[PDB]
Amino acid sequence: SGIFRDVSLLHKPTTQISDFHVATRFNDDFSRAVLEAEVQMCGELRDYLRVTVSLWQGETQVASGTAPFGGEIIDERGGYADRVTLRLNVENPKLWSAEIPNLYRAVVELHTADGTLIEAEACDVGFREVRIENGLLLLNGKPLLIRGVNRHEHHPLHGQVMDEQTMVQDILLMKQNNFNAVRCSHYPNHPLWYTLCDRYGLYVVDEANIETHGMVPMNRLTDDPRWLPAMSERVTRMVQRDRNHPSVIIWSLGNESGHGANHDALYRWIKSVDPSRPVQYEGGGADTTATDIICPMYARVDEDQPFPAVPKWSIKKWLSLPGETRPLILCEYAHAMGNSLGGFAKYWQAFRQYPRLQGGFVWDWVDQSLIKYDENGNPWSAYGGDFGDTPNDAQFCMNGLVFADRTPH
Amino acid sequence: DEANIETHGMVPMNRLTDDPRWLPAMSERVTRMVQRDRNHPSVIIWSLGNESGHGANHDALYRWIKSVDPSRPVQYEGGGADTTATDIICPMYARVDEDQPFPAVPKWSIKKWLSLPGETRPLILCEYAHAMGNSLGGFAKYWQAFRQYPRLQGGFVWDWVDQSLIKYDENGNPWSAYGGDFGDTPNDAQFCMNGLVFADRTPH
Ligand code: NA
Ligand code: NA
Ligand code: NA
Ligand code: NA
């Protein structure tokens with residue numbers, strides 16, 4: 001607990017850019033693209049007010065558009081006077097992917113007609129399309145093969161406080177070890193994490209900070225409408241914050257909270273506000289109505305685990321269950337606790353043989369061990385219980401591919 | 001119940017079945033079969049024939065059956081085991097785990113076939129486990145899969161009885177003969193014997 005992330009002060013003018021969304025749609029062969037930027041403002045509306053959105057590829061200005069506030073007609077009462085949408089054409093855009101993280105810079109200027117700048121915001125733009133079609137997860141029209149890993153924000157000395165050096169160290173090790181995807185288990189990450197993923201190139205699964213694993217049954221809260229408001233904020237505020245990051249290709253409703261009605265509502269909410277990214281969730285059986293992706297955790301390759309109500313079918317078998325058509329990407333697999341990862345090769349032989357088996361995220365990146373000191377003041381890695389903490393789960397907090405200090409296992 | 005239509009020897013295999021001029025001859029082999037056996041309850045599936053590739057004539061006749069008799073699924077293996085002329089994925093000799101990515105008409109591992117993008121049909125091998133001579137090795141592998149995968153609903157072993165013919169020696173004693181034993185040439189010798197039982201029905 002505590003104030004574990006940054007604290008800062010931001011000054012904004014009264015008339016300000018209060019929000020902006022960036023979308024990139026393409027033609028059949030991705031040789032043409034349209035960048036759509038919706039800008040929202042707060043403060044007093046004046047006719048002289050303007051918004052200019054310009055697109056930059058390095059130091060070269062690719063495109064620019066300007067318009068006063070006032071959107072199209074929405075309904076019987078009109079439209080948003082306090083909003084404006086700028087559309088920009090881009091010929092042969094350099095597409096974004098984990099393979100080649102091509103990025104553009106979008107600058108949003110709030111200014112007066114005479115050209116006086118009021119304020120400006122901006123973000124990195126990655127031209128890529130994510131869509132599920134005929135059962136496959138496609139990135140720019142190509143079927144992905146997720147070589148991902150689950151990663152908690154953990155430091156052996158600083159606990160759950162993240163710093164750039166560590167984020168970069170993790171990112172370099174991941175890419176150096178052929179990983180192209182990371183899942184934010186199980187909450188929105190420190191903001192810098194998304195910037196690095198956009199620039200270094202990693203497919204990200206952004207996950208809402210919702211986990212009620214300890215309840216009985218697991219969905220006791222998620223199925224309760226009285227907890228819908230609290231849950232919605234955890235999902236809605238995540239989207240409002242990271243929706244402009246191209247590295248985010250999938251939204252997650254959270255983790256291990258069974259399956260409740262609140263999940264279906266929030267699932268539909270996202271699809272409605274952001275059709276650019278698939279939505280997934282493992283609770284309630286990995287294939288409920290709240291997920292566009294069959295995303296089981298620890299489902300084996302050939303062996304079925306017929307647990308009542310929430311069985312973990314062999315992934316090969318799961319795909320062909322009567323009526324099933326969705327792609328299957330394990331949100332978690334190959335539990336790397338201690339001397340582990342035995343049988344890893346079996347998963348990859350299946351991923352490559354089956355088109356709809358599109359990889360998964362290993363559990364997990366780094367041991368959640370902590371640093372303690374003995375009488376002589378020498379450091380030693382501690383785990384559950386080594387703090388008087390009780391009850392606890394001992395060493396189950398260590399299931400990483402690397403040690404807490406990043407030395408590889 | 002299968003129509004009497006096989007043009008295996010053609011090159012390509014669908015040369016006659018994709019030819020509108022052979023449609024008349026083909027439709028009779030299909031239409032007259034249905035008019036004769038449509039009342040038997042034991043018949044649960046209509047088959048458009050065997051090894052004749054996949055031609056437009058297969059589609060027309062497939063649609064004909066679906067029209068005159070909507071009580072039975074229609075299947076046909078030609079052209080890839082999963083064309084538009086079959087309600088059932090019915091490959092012949094597709095293996096349980098190993099793919100055989102032949103060009104145009106591959107034989108995928110049956111487990112994989114079921115889940116190819118967009119596929120939703122049940123899969124029943126029209127031919128599998130070739131019982132030629134000392135064979136049936138790996139048979140148990142098929143049944144483990146059939147029982148584990150709901151959409152893998154079995155198959156038809158190939159085949160029941162060796163097609164050997166009786167011949168007699170100078171002492172008038174009988175012996176089992178096969179391809180070429182009657183001066184018949186060219187022939188394919190013993191490939192006519194692929195059964196689980198001998199021609200006299202003695203078990204293998
Ligand atoms: Na695959
Ligand atoms: Na654990
Ligand atoms: Na079955
Ligand atoms: Na034969």
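The chains referred to below are lettered A, B, ... by the order of the sequence lines, with proteins before strands, and numbering in each begins at 1. The analysis underlying the following values was restricted to heavy atoms, covering all of them including side chains, and did not include hydrogens, waters or symmetry mates.
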Do other residues, nucleotides or ligands put more than 12 heavy atoms under 6.0 Å from A:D393 CG?
no

Give me the one residue out of A:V204, A:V205, A:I146 that meets side-chain contact (heavy atoms from CB on, under 4.5 Å) with A:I250.
A:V205

Side-chain ion pair, A:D124 and A:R105, N-O less than 4.0 Å
yes

Between A:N399 (side chain) and A:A336 (backbone), is there a donor-acceptor pair under 3.5 Å?
no

If we ignore hydrogens and angles and just use 3.5 Å, is the side chain of A:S381 paired with the main-chain N or O of A:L370 as donor and acceptor?
no

Distance (rounded to the nearest 0.5 Å) between B:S115 OG and A:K317 NZ
13.0 Å

Would one find more than 12 heavy atoms of other residues, nucleotides or ligands at under 6.0 Å from atom NZ of A:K12?
yes

To the nearest 0.5 Å, tell me how far A:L319 CG sits from B:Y149 OH.
8.5 Å

Within 6.0 Å of CZ in A:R5, more than 12 heavy atoms from elsewhere
yes

Closer than 3.5 angstrom, by distance alone: can the side chain of A:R406 be matched with the main-chain N or O of A:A404 as a donor-acceptor pair?
yes

Are the side chain of A:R128 and the backbone of A:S97 linked by a donor-acceptor contact shorter than 3.5 Å?
no

Here the gap from A:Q395 atom CD to A:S369 atom OG, rounded to the nearest 0.5 Å, amounts to 12.0 Å

Out of A:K271, A:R277, A:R131, which one pairs with A:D292 under the side-chain contact (heavy atoms from CB on, under 4.5 Å) rule?
A:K271

Within this structure, what is the CD-OH distance for the pair A:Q305 and A:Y298, rounded to the nearest 0.5 Å?
11.5 Å

Within a reach of under 6.0 Å around CZ of A:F344, are more than 12 heavy atoms found that belong to other residues, nucleotides or ligands?
yes

Given side chains that start at C-beta, do those of A:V182 and A:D170 come closer than 4.5 Å, heavy atoms only?
no

If you draw a 6.0 Å radius around CZ in A:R220, do more than 12 non-hydrogen atoms from other residues or ligands fall strictly inside?
no

Can A:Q40 and A:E38 be counted as having a side-chain donor-acceptor contact under 3.5 angstrom?
yes

State the CD-NE2 distance between A:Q160 and A:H154, to the nearest 0.5 angstrom.
8.0 Å

Does A:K142 have more than 12 heavy atoms from other residues, nucleotides or ligands lying within 6.0 Å of its NZ?
no

Just wondering, are more than 12 heavy atoms of other shown residues or ligands nearer than 6.0 Å to CH2 in A:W227?
no

Side chains of A:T291 and A:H263 in contact at under 4.5 Å (non-hydrogen atoms)
no

Run the numbers on A:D304 and B:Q148 for side-chain hydrogen bond (donor to acceptor under 3.5 Å, both in side chains), then give the verdict.
CA-CA 9 Å; A:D304 290 336; B:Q148 174 172 33; 3.0 Å; yes

With no hydrogens and no angle check, just 3.5 Å: does a side-chain donor-acceptor pair link A:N150 and A:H152?
no

Min side-chain heavy-atom separation A:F351-A:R147 under 4.5 Å:
no

Apply the side-chain contact (heavy atoms from CB on, under 4.5 Å) test between A:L266 and each candidate in A:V239, A:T222, A:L253; give the one that qualifies.
A:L253

Would you say that more than 12 heavy atoms from the other residues, nucleotides or ligands in this model lie under 6.0 Å from the CD of A:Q176, or not?
yes

Any non-hydrogen side-chain atom of A:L221 less than 4.5 Å from a side-chain atom of A:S257?
no

Measure from the side-chain N and O atoms of A:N189 to the backbone N and O of A:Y187, and report whether any donor-acceptor pair falls under 3.5 Å.
yes

Are side-chain heavy atoms of A:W193 and A:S247 found at a separation under 4.5 Å?
no

May I ask you to decide if the ring planes of A:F127 and A:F26 are parallel, tilted or perpendicular, using 30° and 60° as cut-offs?
perpendicular

Taking A:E324's backbone N and O only, do any of them form a donor-acceptor pair with A:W318's side chain (distance below 3.5 Å, no angle check)?
no

Matching residue for A:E36 among A:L86, A:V22, A:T85, A:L88 - test: side-chain contact (heavy atoms from CB on, under 4.5 Å):
A:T85

Does either side chain, that of A:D163 or that of A:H155, offer a donor lying less than 3.5 Å from an acceptor on the other one?
no

Using side-chain hydrogen bond (donor to acceptor under 3.5 Å, both in side chains), reason through A:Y383 and A:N392 one step at a time and then give a plain yes or no.
CA-CA 9 Å; A:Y383 52 77; A:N392 63 70; over 6 Å; no

Does A:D206 come within less than 4.0 Å of A:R241, counting only side-chain N to carboxylate O?
no

Would you confirm whether the ring centroid of A:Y267 sits within less than 6.0 angstrom of the ring centroid of A:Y281?
no

Is the shortest side-chain heavy-atom distance between A:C184 and A:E153 below 4.5 Å?
no

Got a donor-acceptor contact below 3.5 angstrom from the B:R151 side chain to the A:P322 backbone?
no

Distance-only, no hydrogens or angles: does the A:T325 side chain make a donor-acceptor pair with backbone N or O of A:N134 under 3.5 Å?
no

Looking at side-chain heavy atoms only, is the closest gap between A:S31 and A:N27 below 4.5 Å?
yes

About how many Å separate CG of A:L137 and CG of A:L144, when rounded to the nearest 0.5 Å?
5.0 Å

May I ask you to test the A:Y347-A:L357 pair for a side-chain heavy-atom distance under 4.5 Å?
no

Nearest heavy-atom contact between A:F361 and A:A181 is CE2-CB, 3.8 Å

Check: A:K312 side chain, A:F307 main-chain N or O, donor-acceptor pair, under 3.5 Å:
no

